[PDB]
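Single chain ahead, by itself, as structure tokens, in the form solved without ligand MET.
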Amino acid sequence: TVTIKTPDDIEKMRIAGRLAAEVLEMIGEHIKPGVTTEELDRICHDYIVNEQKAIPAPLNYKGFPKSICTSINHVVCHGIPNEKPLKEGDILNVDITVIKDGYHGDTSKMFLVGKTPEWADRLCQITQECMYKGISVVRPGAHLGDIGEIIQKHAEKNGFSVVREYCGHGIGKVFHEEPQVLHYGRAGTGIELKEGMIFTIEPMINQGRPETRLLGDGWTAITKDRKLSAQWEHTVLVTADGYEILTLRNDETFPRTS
């Protein structure tokens, strides 16, 4: 079965989700042509440990060797920071998880590096709209299948496709727990939602076809046709009559609660 959180559990989860949003607000100033992805990893690690008094959750998790994930261009997810510099025309995803006194918060966003193609800015805008529509249907008595149907309809109207081989997850005292959150599907299918459940919504959307391929290093996933791919993520709580977003930033204009 899925876990139900207490009123005291809910207060410690609000503190961890605010600190994860603050790392994304700090890192923006440092993104330009010429800076390396291993330079960005060192800056985020020192801020989390020395200034917030917390720990980066990816470090040593099932053998992962760094503190954050960094994914550029045709890469879908799980990219490893290294010594290559950022170039004029690149699109970039930064993905963060923090632990504070045993509790987890999980979130990601897109950056545009100088002059980009018009196709590329539009792919990134339509991906963010898809995540906001999926959050809008969450409440007691809805089903998990209602999330997948609304995301899949908005992507296909714009000529793009939905990745099937990766998904969202429950979260709390551990990094990954039940249920599996699919980003495609039919309304009315899957488990019924209840007050006190906590889970992520994290859609991956491709320019061409849906299939992926894994690289040599055992971690890095790319598109099979070599076209572009975009992602955004938030942590979400089910309340008495709707939703609350735990990881909301100062620069966003969508409302925190229903």
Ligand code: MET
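We number the residues from 1 along the sequence you see.
- Of the two segments, 127-135 and 80-88, the one listed with the higher mean B-factor is 80-88 (C-alpha atoms only).
- Per the PDB record, of the two stretches 220-228 and 53-61, 220-228 carries the greater mean B-factor over its C-alpha atoms.
- The entry assigns its greatest Cα B factor, within the set 168, 159, 105, 188, to 188.
- Looking at the C-alpha B-factors along this chain, the one for residue 70 belongs to the lowest third.
- When the modelled residues of the chain are ordered by C-alpha B-factor, residue 28 sits in the middle third.
- In the PDB entry, a CA B factor belonging to the middle third of its chain's modelled residues is recorded for residue 38.
- Compared with the other modelled residues of the chain, the Cα B-factor recorded for residue 212 ranks in the highest third.
- In this PDB entry, residue 120 carries a Cα temperature factor that places it within the highest third of its chain's modelled residues.
One more form of this protein exists, namely the form deposited with ligand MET bound; it is left out here, but the text below deals with it.
- When ligand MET is superposed onto this form from its pose in the bound PDB entry, none of its atoms lies within 2.4 Å of a backbone or C-beta atom, and the site is open.
- Of the residues given (119, 132, 111, 175), 175 alone sits with a heavy atom within 4.5 Å of ligand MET in the bound PDB entry.
- Between the options 230, 48, 198, 69, the residue in contact with ligand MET in the bound PDB entry by a heavy atom within 4.5 angstroms is 69.
- Proximity of residue 97 to ligand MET in the bound PDB entry: non-hydrogen atoms within 4.5 Å are present.
- Shown alone here, residue 169 lies within 4.5 Å of ligand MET in the bound PDB entry, counting heavy atoms only.
- Although the partner is absent from this view, residue 190 stays clear of ligand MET in the bound PDB entry, with no non-hydrogen atom inside 4.5 angstroms.
- In the bound PDB entry, at least one heavy atom of residue 58 sits within 4.5 Å of a heavy atom of ligand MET.
- Partner proximity in the bound PDB entry, defined as non-hydrogen atoms within 4.5 angstroms of ligand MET, places exactly one of 81-89, 175-183, 145-153, 124-132 at the interface: 175-183.
- Applying a 4.5 Å heavy atom cutoff to ligand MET in the bound PDB entry picks out 202, 219 from 185-219, in order along the sequence.
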